[PDB]
Amino acid sequence: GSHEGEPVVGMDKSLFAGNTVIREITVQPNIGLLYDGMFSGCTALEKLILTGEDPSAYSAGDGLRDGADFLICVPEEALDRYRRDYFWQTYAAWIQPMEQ
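Residue 423 in the UniProt record's numbering is what sits at position 45 of the sequence shown, and the numbering runs on without skipping anything.
If you want it as structure tokens, here you go:
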């Protein structure tokens, strides 16, 4: 099943749908395709943060949040960019700006 405790994005993408209790997921640009089934059964996942400034530096196919439901924080200087994008428009119902 699992033998693990670190649902984290480091040179793989499978290790998230297991820790039921990760309310926040920071992610970086260009670090794998956010395929289907990443997040299945996240009984407490309610945030995502993107440490990149452009939408093409992320890829998510169609499957991005299968088995989940959360908002997508991006930096303000990327907000308009993501809203003009030829994918991430379809997630503009969940994108929002960051804060401190």
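Note that beta-carbon positions come from the ideal geometry of N, C-alpha and C, so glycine has one too.
Cutoff 7 Å: residue i Cβ touching any chain C Cβ
i      : result
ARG462 : Checking the listed chains, one finds no chain C in this structure; it contains a single protein chain.
Sub-7 Å separation of residue i and residue j beta-carbons
i      : j      : result
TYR460 : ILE473 : yes
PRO385 : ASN397 : yes
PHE448 : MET416 : no
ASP414 : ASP458 : no
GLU431 : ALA470 : no
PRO475 : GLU454 : yes
Local conformation of residue i per DSSP, three classes
i      : result
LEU457 : helix
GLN474 : strand
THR429 : coil
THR404 : strand
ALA395 : coil
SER380 : coil
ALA435 : helix
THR468 : helix
Nearest-angstrom beta carbon gap, residue j and residue i [assumed within contact, 8 Å]
i      : j      : result
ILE400 : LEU426 : Rounded, the Cβ-Cβ distance is 10 Å, inconsistent with contact.
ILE450 : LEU423 : About 12 Å separates the two Cβ atoms, so there is no contact after all.
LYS391 : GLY410 : 4 Å
Beta-bridge partners of residue i, as assigned by DSSP
i      : result
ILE450 : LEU426, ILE473
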